Ligand SMILES: Nc1ncnc2c1ncn2[C@@H]1O[C@H](COP(=O)(O)OP(=O)(O)OP(=O)(O)O)[C@@H](O)[C@H]1O
Ligand SMILES: Nc1ncnc2c1ncn2[C@@H]1O[C@H](COP(=O)(O)OP(=O)(O)O)[C@@H](O)[C@H]1O
Ligand SMILES: [Mg+2]
Ligand SMILES: [Mg+2]
């Protein structure tokens, strides 16, 4: 049943086997070799079967560094895909891509191991729940309400605020629901991952949480399969235990790039901007499993890196079809000091219908999006002609749009090191009441600077009093 | 021999030795029981595209030719049900007892087998039915950026076919299982499932199924056309269908062209969309109309697949991300959208009022380039600006709110003849509903006459009956 | 068996037959004495990257296995010396008798092997130490157009580390030999060579050495961290490191992606920058800070390689070519520059005054860009437009002039609380020099308290001691 290494090309390794004893696709293989003399190095490596080539040969992707491999090394077949522990024994533990523990706590000893590749729920198992998840974040709770059991996607370039926004959502939602939580950290920073683990270990929240990481510095085999390890652990709580769970992923773009790095070495023809021909199929294998069924529910918050600030790129472009809510972060807002920097004209959700939200909520959100679009359509005219040449209506529309764009700003609890302010939580009632009061012109005699970094409208009014 | 064996296996593609007498496009069966299409015939191998889970197929497995072309079940029995790209049920309501089967690949009706399209396909949408008309055998494209209202126009159009003899086929290509289920509950909520067939290739399904889906939905629509009935076919997104074909062609090693797509891609959509037609009286007078949808990246209408399908269709509806956030809710670019069949598709009453609306909007588009200043514009220019702003408002309509053709005529007539001109711009939307409730509640004879004659010519009463409403409301 | 024979040679790449027992990443020796890395292992041949002058290598030459993964010498012996990317000396001061060797490729420390960063690495620059704090273990990017002062900020940092036990490494990648000599003499003039190591791979050296340079410098810095000491590493330009990898990858015929760079280009920089960390107390508490540098064409911060490295680091310092010609130094654009570790690494006295300053200096840019004239705005807007001008003056600072943390706290406390609002804008710089000399010459009790306590307890003495200077014929 055993085989031998024939070629090594970076992350890709080719293996040849005996007559008719070939392993299936997605099947795991093992390399365990001890140095025979001082010119060799000890190796412990796992390979995943990618395709059949002919001449009893198979092409594979390595899960760790291929340094030290030699042509002719013996390889063993495990008979099944990468299998990871599942169950309540996995709560409060940190894991590697292969489901082995990162923490110094000891062996997990779980009762069952599940394969990383499973078919998604059929059309008859789907759910159609229309329930609003309140986040306490003034921009999302108004313009892009989060559906329970749906997918919410955070799109942004480098350093716009995706991680600061994910961590504020983790803090606010996991506080009151007390359900099981999972965080994957596919492209999560080891420094941030350490800051998260310490807070969860001291606050006790870790006892209900599963963690899988898979750092930036890892080879593409790990960056490609790590999102599926966290998802396979979150699926057990939905399928076999019937619970409602939160699944956080700091970067699904890294999962796409890891497939791109692999594709040239596999022998495939490239597509647009050098990507793999299979890009939409691979994103759907991950995203179709993240759904709520008649047994239980999976709600997910995901961050998507946008390379070179271009949303037309194949990876971000392919992802939009799968999300129930989409939040886009703009550098123009970040460079102007307005945080969380969410773009009001490109952010949307499935739930923003007159049949799912109140008449007062629908009307306020409509009036906000419209006044900001009218202000966007005038920044050229205000540049070519003096502001004293604009009509009274346009003059008021500019002042109201100016107040609104900064009243959308809020100091987060997870950002006290950057904002220099305590941090605030705002209920939906005060968000709607707040924007309605500005839109209706009751606050025309208040400076724009009073609306920046305040949680609620009553605060803006005392912030105006603190300045004669 | 007719037995082949597998020599390579990848992402839904396999290659085999043997199969010397296989024909181009034939179905082939693997030893695991799964099926695939023989697409490329080489000197020493056959390129097979798999129609199911490929992970069970290995090098050295036996593969056999079936001697059969790909076919799907058809008939009245598919109405009010949900099926996959091969016609198999997925709604959980049991088996389908269809009596006939039709190949998904058939030739379109010839030049002499057709007749000119002269009857309307009401969408119930005031911007489409007045300015971008659809006839009962025409191909119209819905095109624009993501989240602009593309499916809403197709679904509102399917819901309006209740009191009309049209079978509706909705084909979902590369959609999430969750959005398919959400659309199916909306169709049941409005009762559209009493005459609707749903075909769905999900994003999780192999590229071969997302490729077969539009052709299967077309074969089901053709059955009704061949028997003298009317049918409507919607393709939720042809952009994902092109991407699915790009995937198979690149994995089969066919040489790429423009925007990485295969040269064969124009023939892919033209061989599909030319099957929608109105037949001659010798053939039975039956009809099939199509509503394909395309998504543009950041407004690029000049891209390969968009320009390719824009050249195939008989008209295009353009949706703007700009109009949508500005409060023009259906979000249609009336100064760019076009239908060749316009006039011939509409009824005599609708055409008359469409005309004045067209001149008013064209003039307003000419004036708005320099409408930035209005306190300086001549009072005459203001008349053009004011009329244009009001005609724009009449076109605004809430989702799932089709207006009946007699009412669309009655309101466009009022705006074009200046009867809505005197009403304030913000108050126009309120006045529209109030006037339509007034005309239906008392003296309903105006709405009854327009349904029967379809030609107006009775306006003296409509004018006098309108003055009684405007006197105090 | 451990000997092969060359079959093809080109612009720094070779192919050889044999070498059956070679291992992926092993160093290999040519008959001429030059060395190369075995990258690709094929059915019948091995692909080699040459680490020196290839013009002496011919087809049919005998190549041999070294039996070692690519490694570099490390230890105390490298301090006060100049070496190439292979660790060999170029200062002319004799051989290096280092006792330990370390592979240049190693995995970064895990989530549990680390601890939070809290001890401040003072740079001596008022805009960085206030708005963009740096700590031991952080990774800060220095970014801007060519000819903007990026090397000056790195060299000013390697000098402010005078009375600390920090070990500095400077890695020159794709730089001119003349600029390397000017950096080494500047370090000797200020005495920084008593605690510095210089690694060089200049513009004329083969691209394979410009590829190994950051990894070799990282291995030398890790030695100090693995033993509980603190280290710092500078990478003179990662933009040139990327161009060198693009050259090697295109010559191996790998298919390109965005801007012709290879798909592997993110893994290149992320595998190097994640090795900078602050270890846990069980591992020894040691640290390794990193200061990579990047060059923008025409200020295009949005380009592929720039945004790619910004996505890996803990913060960005952006330098403007436009402000630099307007007489402004260091010319840092605070509206774009920020740190992810910031606020936590900075001392408490500085947190008490710098906290709100970055967001204020970001909205300041909007107001000065939006205000069409000076005569039409209201009193509420005039009051905040003036404050940003005075703070911008306080933030200006000349070259080779480090200012200690205790002095930075007093002047920022004066500006952030409005004590400069009566002084004209052209006189603010005179105020800063006169005020700091006044406090040091007759109130050393304020600066000495901040030096020992690291926090502001009672401000009452500083408010009165400051007001006395104002009454005493201010500028
Ligand atoms: N006429 C309308 N009035 C109000 N809201 C509308 C209208 N038409 C569409 N919408 C809203 O626009 C949003 C997007 O609609 P829809 O899903 O049909 O757009 P789409 O372009 O097809 O999006 P996608 O590309 O994701 O499939 C939905 O929230 C829908 O309710
Ligand atoms: N809500 C916020 N409040 C204040 N500062 C923020 C906020 N969001 C982002 N920032 C700043 O910008 C950076 C955001 O980092 P991060 O969230 O990791 O960016 P990204 O993941 O998008 O690359 C931090 O340095 C932080 O100081
Ligand atoms: Mg982040
Ligand atoms: Mg849709």
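The numbers here are math on the coordinates, done by the rules we state, and not lab data. Don't worry about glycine lacking a Cβ; one is built from the backbone with ideal geometry, like all the others, and counts go over all protein chains shown.
For helix B:238-251, report the angle its Cα long axis makes with the longest principal axis of the Cα atoms of chain B; keep it between 0 and 90° and round to the nearest 10°.
20 degrees
Counting DSSP beta bridges with both partners in chain A, what percentage is antiparallel, nearest 5?
Roughly 60 percent of the DSSP beta bridges within chain A come out antiparallel.
Relative to the compact-globule scaling 2.2 N^0.38 Å, provide the ratio for the alpha-carbon radius of gyration of segment A:33-182.
Rounded to two decimals, the normalised Rg is 1.50.
Along the Cα→Cβ direction, 7 angstrom out, place labels at residue C:11 and residue A:2. What is the inter-label distance in nm?
4.6 nm
Sequence gap at least 6, Cα distance under 8 Å: using those rules, report the relative contact order of segment B:40-158 to the nearest whole percent.
16 percent
Would you calculate, for chain B, the mean residue ellipticity at 222 nm contributed by helices, counting each DSSP H stretch of 4 or more residues as -39,500 (n - 2.57) and dividing by all residues, to the nearest 500?
Helix contribution divided over all residues of chain B: -11500 deg cm²/dmol.
Using a Förster radius of 22 Å, what is the FRET efficiency between residue B:336 and residue B:371 based on their Cβ-Cβ separation? Nearest 0.05, please.
Efficiency computed from Cβ-Cβ geometry: 0.75.
Compute the distance from the alpha-carbon center of segment B:1-24 to that of segment A:37-64, in whole Å.
Between the Cα centre of segment B:1-24 and that of segment A:37-64, the gap is 28 Å.
What distance in nm separates the simple spin-label points at residue A:363 and residue A:388, each placed 7 Å from Cα in the Cβ direction?
In this crude label model, residue A:363 to residue A:388 measures out at 3.9 nm.
How long are the semi-axes of the equivalent ellipsoid of the protein assembly as shown, taking √(5λ) for every eigenvalue λ of the Cα gyration tensor, in whole Å from largest down?
Value: 57, 47, 26 Å, ordered largest first.
With the cut-off at 1.5 for a/c, could you classify segment C:286-336 from its C-alpha gyration tensor as rounded, prolate or oblate?
oblate
Among C:391, B:220, which comes first, then next, by fewest other beta-carbon atoms within 10 Å?
C:391, B:220
Over 15 Å, how big is the tail of the calculated P(r) for segment A:342-418, in percent of all Cα pairs?
66 percent
Kindly work out what percent of the DSSP beta bridges joining two residues of chain B are antiparallel, to the nearest 5.
So the antiparallel bridges in chain B amount to around 55 percent.
Which percent, nearest 5, of DSSP beta bridges in segment C:188-344 are antiparallel?
Looking only at bridges with both residues in segment C:188-344, the antiparallel portion is about 45 percent.
Give me B:471, A:407, C:101 sorted ascending by neighbouring Cβ count inside 10 Å, so fewest comes first.
B:471, C:101, A:407
So for chain B, averaging the separation of alpha carbon pairs under 8 Å that are six or more residues apart and normalising by length, what relative contact order in percent results?
About 16 percent, as a whole number.
Considering segment A:125-201, what Rg and Dmax in Å follow from its alpha-carbon atoms?
Cα only, segment A:125-201: 13.9, 40 Å (Rg, Dmax).
Is it possible to state the helix-based mean residue ellipticity at 222 nm for chain A, with each DSSP H run of 4+ residues giving -39500 (n - 2.57), the sum divided by total residues, to the nearest 500 deg cm²/dmol? What is it?
Estimated from H runs of four or more residues: -9500 deg cm²/dmol.
Going by alpha carbons, how many degrees (0 to 90, nearest 10) lie between the helix axis of C:357-370 and the longest principal axis of chain C?
It is inclined by approximately 80 degrees.
Once the Cα gyration tensor of segment B:367-419 is found, what semi-axes does its equivalent ellipsoid get, as square roots of 5 times the eigenvalues, in whole Å, sorted largest first?
28, 13, 6
Students often get this wrong: which residues of segment C:12-26 have the backbone nitrogen under 15 Å from the point 7 angstrom along Cα-to-C-beta of residue A:67?
Answer for this model: C:23-26.
Using only the Cα atoms of segment A:239-344, build the gyration tensor, take square roots of its eigenvalues as a ≥ b ≥ c, and label the shape rounded, prolate or oblate: rounded if a/c is under 1.5, else prolate if a/b is larger than b/c, else oblate.
oblate
P(r) tail for segment B:54-150, what percent of Cα pairs lie past 17 Å?
75 percent
From the Cα gyration tensor of segment B:90-243, with a ≥ b ≥ c the square roots of its eigenvalues, which class applies: rounded if a/c is under 1.5, or else prolate if a/b is larger than b/c, or else oblate?
rounded
Would you mind pulling out the separation of the Cα centroids of segment A:350-381 and segment C:157-199, in Å?
When both Cα centres are located, 57 Å separates them.
Arrange C:70, C:350 by Cβ neighbour counts within 10 Å, fewest through most, would you?
The most exposed by this proxy come first: C:70, C:350.
Would you please give the FRET efficiency between residue A:429 and residue A:131, computed as 1/(1 + (r/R0)^6) with r the Cβ-Cβ distance and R0 = 22 Å, to the nearest 0.05?
For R0 = 22 Å, the calculated efficiency reads 0.80.
Work out the FRET efficiency for residue C:302 and residue C:251 from their Cβ-Cβ distance, taking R0 = 22 Å, and round it to the nearest 0.05.
That pair, residue C:302 with residue C:251, gives E of 0.15.
Where does the Debye-calculated log10 I(q)/I(0) of chain B sit at q = 0.11 Å⁻¹, using only Cα point scatterers of equal weight, no solvent?
Scattering profile of chain B, log10 relative to I(0): -0.94.
Give the separation of the Cα centroids, segment C:398-438 to segment A:132-195, in Å.
A separation of 42 Å, based on Cα centres.
Tilt of helix C:444-453 relative to the longest C-alpha principal axis of chain C, in degrees (0 to 90, nearest 10)?
Taking Cα atoms only, the helix is inclined about 50 degrees.
Could you tell me how many cubic angstrom of Cα convex hull volume chain A has per residue?
Taking the convex hull of the Cα positions in chain A, it is 179 Å³ per residue.
Just round it to a whole percent: the fraction of Cα-Cα distances in segment C:190-349 exceeding 21 Å.
Percent of Cα pairs beyond 21 Å in segment C:190-349: 57.
Which whole-number percent gives the relative contact order of segment B:137-229, counting Cα pairs below 8 Å spaced six or more residues apart?
So the answer I get is 31 percent.
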